[PDB]
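The chain below stands alone, shown as structure tokens; this is the form solved without this ligand.
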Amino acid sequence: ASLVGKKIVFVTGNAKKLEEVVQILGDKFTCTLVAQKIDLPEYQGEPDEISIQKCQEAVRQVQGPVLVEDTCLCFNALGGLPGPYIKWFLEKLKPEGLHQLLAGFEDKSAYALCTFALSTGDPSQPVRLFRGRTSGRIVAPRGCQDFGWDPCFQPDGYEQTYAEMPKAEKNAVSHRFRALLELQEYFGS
């Protein structure tokens, strides 16, 4: 504290994901975000535990301010699973199969979760977590299928899946945007 005039390492291999984050954190002010691709283990655990383990491991490599991001897709009928294991289930099952997974359960409700984890680089100081969450339903897939699990997720309050949605409207209801919004509300402190 504070990271003003310090360079914060955001771990990503995607400059646009970084650009995305810069823009939407807004101008204010002086915390300087650089993209570094760091190989980190992927951990099992609850969503909060994974982000913290991940952030702590980023910190021992970087030894400086670091930011990391995770996403989960949580089916309520499965107690929040696949959750942090969603990548594996998507790869194996496809959006069709993710929907088929819930065939024996009446409750198709689900939420998407984005978690950012931030450390100052000082290990004595705790990792700080910033989340955003979007409630919704798992559905038979609709929309463009290059979109990850977006085709099977219909946010509440909409007739469109994430994948059908035009990007503007998706930005409004997005688990990612919510989390970043919590990032600013921190910032300055």
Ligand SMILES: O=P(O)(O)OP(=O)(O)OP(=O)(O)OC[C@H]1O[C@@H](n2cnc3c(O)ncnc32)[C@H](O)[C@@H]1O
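When you see a residue number, it is the position in the sequence shown, counting from 1.
There is also a form deposited with this ligand bound; it is not shown, and the following applies to it.
Contact test, all of 46, 111 and 131, partner this ligand in the deposited complex, heavy atom 4.5 Å: No, the whole trio is out of contact, none within 4.5 Å by any heavy atom.
Touches this ligand in the deposited complex: residue 87 (any heavy atom, 4.5 Å): Answer yes; at least one heavy atom of residue 87 falls within 4.5 Å of this ligand in the deposited complex.
Contact flag, residue 13 vs this ligand in the deposited complex, heavy atom cut 4.5 Å: Yes - in the deposited complex, heavy atoms of residue 13 and this ligand come within 4.5 Å of each other.
Partner contact for residue 176 in the deposited complex: this ligand, 4.5 angstroms, heavy atom: Heavy-atom contact with this ligand at 4.5 Å: present for residue 176.
Contact test in the deposited complex: residue 19 vs this ligand, heavy atoms, 4.5 Å: Result no; residue 19 lies far from this ligand in the deposited complex.
Single option in 148, 64, 26, 126 placed near this ligand in the deposited complex, where near means a heavy atom within 4.5 Å: Looking at 148, 64, 26, 126 one by one, just 148 meets the 4.5 Å heavy-atom criterion.
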